[PDB]
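S.K.: Need a 3D model of the sequence below.
(2 chains)
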Number of protein chains: 2
Amino acid sequence: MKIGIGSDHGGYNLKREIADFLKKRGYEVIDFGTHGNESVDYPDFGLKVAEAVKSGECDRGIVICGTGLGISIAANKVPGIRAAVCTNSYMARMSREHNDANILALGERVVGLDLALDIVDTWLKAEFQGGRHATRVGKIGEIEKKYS
Amino acid sequence: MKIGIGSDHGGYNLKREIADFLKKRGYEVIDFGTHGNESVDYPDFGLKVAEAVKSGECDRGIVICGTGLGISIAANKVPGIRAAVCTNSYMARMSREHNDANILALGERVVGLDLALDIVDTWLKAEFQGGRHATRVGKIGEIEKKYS
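M.R.: Numbers count the residues shown, from 1 in each chain, chains lettered A, B, ... in the order given. Okay, here it is:
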């Protein structure tokens, strides 16, 4: 499974740790940047990861900024993308089970390292539950079609 | 300001408490439903609140589901909407200061009542900081224009 990862400067250090974590677990990781601590704009990297997941270049993606909020909002502007900002493993599991999230969003200034790794672990293992949850995801698709 | 509020059945009881909280505070509250515990679909109510904020019928919105994730993803599909899932007041403050969030999303199964009221209090009081944050919000707007 190919994981796309991306961040602004606010999520760069956590991105480094998650990339190492994932590779060590045998995932193929595509790093979309940013590649340093210099101030940059979260939508640019949110977009890169979202478009890679949309195109199938990556199976899913992880985006990080100070809070995860900006980068996940940006990613959610792309049709077919469902980016979930999670601050605990319960949320991470429900994002997969109910929302079939294909992007996990994290906030480097909010969650500490080991917690963030717990969340990533949980998110990568959880499975979409279909049924009424598929019906609700379709209704998200209807909003996209409306504003398309 | 006029506050739009909406939920599925997973956020209905918290919605009831927040509606009461806001009115006691002097806010005009527009309740878009749901109006009971019957199973319903979060995108329908996410859409209502998002469209009310977009039209200027409400100045800001609050959306609630079990985790806040589904309803906020749905809301974020609407152009001009920036919905922030917050699990603490630090996130709530940054969502206004940096992301100029116009919708707050909450997870009734994640945050307890008093915490959720603290987050709402913080979110309503926080102020957009402009500058590079406006530049970044514009870049969110560019993604919307791309996929419009």
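S.K.: Does anything pack onto the lengthiest helix in chain A? Which helices or strands?
M.R.: Longest helix of chain A, by residue count under DSSP state H: helix A:132-147. In terms of contacts (3 or more CB pairs under 8 Å, 6 or more residues apart in numbering or on different chains; DSSP states H and E), helix A:132-147 is packed against helix B:42-54, helix B:69-76. Where C-beta positions appear, they are placed from N, C-alpha and C, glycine not excepted.
S.K.: After the longest one, heading C-terminal, what element do we hit next?
M.R.: Towards the C-terminus, the helix or strand next in line after helix B:42-54, according to DSSP states H and E, is strand B:60-65.
S.K.: What of the last one?
M.R.: Tracing the chain C-terminally past helix B:69-76 and defining elements by DSSP H and E, one meets strand B:83-85 next.
S.K.: picking that back up, ok, residues contacting the longest helix of chain A?
M.R.: Residues from elsewhere that reach helix A:132-147 (CB atoms under 8 Å, 6 or more residues apart in numbering or on different chains): A:79-80, A:82, A:97-100, A:128, B:39, B:41-44, B:46-47, B:70, B:73-74, B:77-79, B:148.
S.K.: Any of those buried? List them.
M.R.: If you count burial by 16 or more other CB atoms under 10 Å in any protein chain shown, the buried members of those come out as A:79, A:82, A:98-100, A:128, B:41-44, B:46-47, B:70, B:73-74, B:77-79.
S.K.: picking that back up, pull out the buried positions in the longest helix of chain A.
M.R.: A:133, A:136-137, A:139-140, A:143-144, A:147.
S.K.: got it, and stretch A:2-11?
M.R.: A:3-11.
S.K.: Which two among the residues you listed are spaced furthest apart?
M.R.: By the measure CB to CB, A:3 and A:9 form the most distant pair in those, at 20.8 Å.
S.K.: Centre of the chain to the longest helix of chain A, how far?
M.R.: 19 Å (CA atoms, centre = their mean, to the nearest Å).
S.K.: Could I have the CA atoms of that helix written out in CSV?
M.R.: This file holds the C-alpha atoms of helix A:132-147, laid out as CSV (Å, rounded to 0.1, in the frame of the first residue of the first chain):
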residue,chain,number,x,y,z
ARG,A,132,-25.6,2.9,5.7
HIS,A,133,-22.1,4.4,5.9
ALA,A,134,-21.8,3.9,2.1
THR,A,135,-25.2,5.6,1.6
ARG,A,136,-23.9,8.6,3.7
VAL,A,137,-20.6,8.7,1.8
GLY,A,138,-22.7,8.8,-1.4
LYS,A,139,-24.6,11.8,0.0
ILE,A,140,-21.1,13.5,0.4
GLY,A,141,-20.6,12.7,-3.3
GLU,A,142,-23.9,14.4,-4.0
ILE,A,143,-22.7,17.6,-2.4
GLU,A,144,-19.5,17.4,-4.6
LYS,A,145,-21.7,17.0,-7.8
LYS,A,146,-23.8,20.0,-6.8
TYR,A,147,-20.9,22.4,-6.6
